[PDB]
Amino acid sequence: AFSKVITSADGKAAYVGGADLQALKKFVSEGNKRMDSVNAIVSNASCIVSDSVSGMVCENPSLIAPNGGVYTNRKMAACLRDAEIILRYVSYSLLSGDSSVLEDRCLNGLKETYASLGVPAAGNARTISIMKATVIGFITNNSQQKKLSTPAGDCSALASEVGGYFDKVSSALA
């Protein structure tokens, strides 16, 4: 449905509403909660990313010292960008109920690229674990400052699913 968007030369937007969206919500499990879950990620993308990268640094502040992985704002900004890219591919995996595109368009070759550039794998592992923790926290009403504007209920199955997409990233970059 949105697969055309992934492959189009310029990625112009596709939209799904009305009866086509009714159908879409039937082909993925827990369609309504799933949409709230995707919304939680993308609506909070900035804070998810900045909190996770900040925590990788506060646990290992040599990362912002000379020779460190996010020394200088150019590298810091590139790291924040990558964390958003990864988060966004995870958001799309949760929308679609599978990880084919995350695996193909995000993870395939990424370790090799980080190894060539010297991006520290231990830092990457911590950034991912925090993004995972933050997203699951939102979805399970364990976020402390901001709660989601949803009907109250249990989203544990979607939390486990999105956790598995983050684990695909962590495993690929280990």
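In this text, residue numbers run from 1 along the sequence as written. The term rigid core refers to the most C-alpha atoms you can superpose between the two forms while keeping them within 1.5 Å.
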Of 118-126 and 138-146, the one with the larger RMS C-alpha deviation from the shown form in 5 other deposited structures of this protein, core-superposed, is 138-146
Segment of greater CA departure in 5 other deposited structures of this protein, 83-91 or 67-75, core superposed = 67-75
Give the stretch, out of 79-87 and 94-102, with the larger mean C-alpha temperature factor in the deposited entry.
-> 94-102
Higher of the two mean Cα B-factors (45-53, 62-70; per PDB record) comes from 62-70
Out of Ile139, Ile128, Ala122, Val38, which one has a C-alpha B factor higher than all the others in the entry?
-> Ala122
Looking at the C-alpha B-factor of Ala23, is it in the lowest, middle or highest third of its chain?
-> highest
Third assignment of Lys146 from its chain's C-alpha B-factors = middle
For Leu158, does the deposited CA B-factor place it in the lowest, middle or highest third of the chain?
-> lowest
